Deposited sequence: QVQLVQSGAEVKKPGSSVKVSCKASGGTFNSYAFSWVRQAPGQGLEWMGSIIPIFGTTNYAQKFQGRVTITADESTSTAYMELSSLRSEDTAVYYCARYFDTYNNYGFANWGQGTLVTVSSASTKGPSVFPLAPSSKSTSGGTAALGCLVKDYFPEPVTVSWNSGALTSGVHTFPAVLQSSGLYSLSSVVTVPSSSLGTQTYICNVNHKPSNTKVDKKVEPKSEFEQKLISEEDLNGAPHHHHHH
């Protein structure tokens, strides 16, 4: 239903748009809001737009800095915040209301967009394959000192899914992150199938693949 633009990195004082595509349904019937969340914090509401008139209203905190627009032709809402500062680093959500007439609630949400406002520098991951050998067996990938968040790992271009544990990132002293992602499998399917590790770090425009086997 709602899907948003990918994660970004912005220099302080600069700006950023964020987009949200509302799939399948009448765009003129929608009402939309942006809601951001700082890491380990509450949700904070920013603004609303009603596409069919394009009438917006914003929270005073952000008035002046934020614009919200919509494009009916493409079924898309946009928010754009300017004069960025560190406290703006947040996950930004896009939410639909007026699912029905009496429903002032946000019935549908975006997947979120992480926006990071640091001054330098974007860094690409170091994707590594791991060493493998009815019971238990597990292989995976390693992503080394990159920056910043987040980082994506999927297996076989989207195929292999069950019993997969992707792990959270350590932030190093260096100011770079690393994380870890493995797949649990029984002994009876090892060196036969194919096993791709697809990694995307969108901010560095890094998209990488990686294979694994005993």
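Enquirer: I have the full deposited sequence and the modelled structure. Can you tell me which residue ranges, counted from 1, have no C-alpha coordinates?
Expert: Gaps vs deposited seq, in order: 1-2, 136-140, 222-245.
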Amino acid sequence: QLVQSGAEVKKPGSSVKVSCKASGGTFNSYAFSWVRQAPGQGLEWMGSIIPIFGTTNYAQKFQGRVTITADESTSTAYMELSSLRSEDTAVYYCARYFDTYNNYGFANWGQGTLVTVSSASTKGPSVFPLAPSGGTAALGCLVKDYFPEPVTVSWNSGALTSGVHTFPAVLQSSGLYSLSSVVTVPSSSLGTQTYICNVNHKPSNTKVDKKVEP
From here on, numbers count along this sequence of modelled residues.
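Enquirer: Look up the CA B-factors in the entry and say which stretch, 164-172 or 42-50, has the higher mean.
Expert: Averaging CA B-factors over each stretch, the winner is 164-172.
Enquirer: Averaging CA B factors per stretch from the PDB record, which one is higher: 113-121 or 89-97?
Expert: It is 113-121 that shows the higher mean C-alpha B-factor.
Enquirer: Please pick out which of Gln60, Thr67, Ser187, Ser178 has the largest Cα B-factor as recorded in the entry.
Expert: Comparing C-alpha B-factors across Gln60, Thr67, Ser187, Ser178, the maximum falls on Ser187.
Enquirer: Highest Cα B-factor in the PDB entry belongs to which of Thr56, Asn28, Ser157, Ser33?
Expert: By C-alpha B-factor in the record, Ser157 ranks first.
Enquirer: Rank-wise, by C-alpha B-factor, drop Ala137 into the lowest, middle or highest third of its chain.
Expert: As the PDB entry reports it, the C-alpha B-factor of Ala137 lands in the highest third of its chain.
Enquirer: Considering every modelled residue of the chain and its Cα B-factor in the PDB entry, is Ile196 in the lowest, middle or highest third?
Expert: Highest third.
Enquirer: Where does the C-alpha B-factor of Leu84 rank in its chain, lowest, middle or highest third?
Expert: It belongs to the middle third of the chain when residues are ordered by C-alpha B-factor.
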